[PDB]
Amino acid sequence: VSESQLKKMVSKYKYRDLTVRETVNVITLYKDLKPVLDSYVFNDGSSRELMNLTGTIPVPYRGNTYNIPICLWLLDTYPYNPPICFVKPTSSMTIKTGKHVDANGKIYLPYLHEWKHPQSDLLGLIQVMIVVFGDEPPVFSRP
């Protein structure tokens, strides 16, 4: 949660200072998003230690607010490349698949396909997720 501790976490990012600025603003507004350092595997099988933001974002739907659980991975060349985004349902939820979420919880949005720094950033992304998940929730509670 400390601005200096974060510099350490992303110390081998190409755009270290950009990445920290975005993360600081994001986690100051969306207080349930925690930065976490974990291994990420690419299609070829190579792994790199990367930061992600994990936790919930508040999404209004039919008059109530839900805390939808997500994980966003910042690649080490962030912000030139988009974050890779997942819904992370608990055992009480199930994924509703569609044009925007596959059965593994991967999220597909036009905002992600069309990413371009600096017209695109983490705040604008989260804003888009809230609107989209507010029309079509990606997780529903189980019976």
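Just count from 1 along the sequence shown to find any residue number.
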Of the two stretches 41-49 and 25-33, which shows the higher Cα B-factor on average in the entry? 41-49
121-129 versus 14-22: which one carries the higher mean Cα B factor per the record? 14-22
Ranked by Cα temperature factor within the chain, is residue 88 in the lowest third, the middle third or the highest third? lowest
Test of reading the entry: by CA B factor among the chain's modelled residues, which third contains residue 138? lowest
Split the chain's modelled residues into thirds by Cα B-factor; is residue 67 in the lowest, middle or highest one? lowest
Going by what the PDB entry lists, where does residue 104 fall on CA B-factor within its chain: lowest, middle or highest third? middle
Going by the entry, which third of its chain does the Cα temperature factor of residue 115 land in? highest
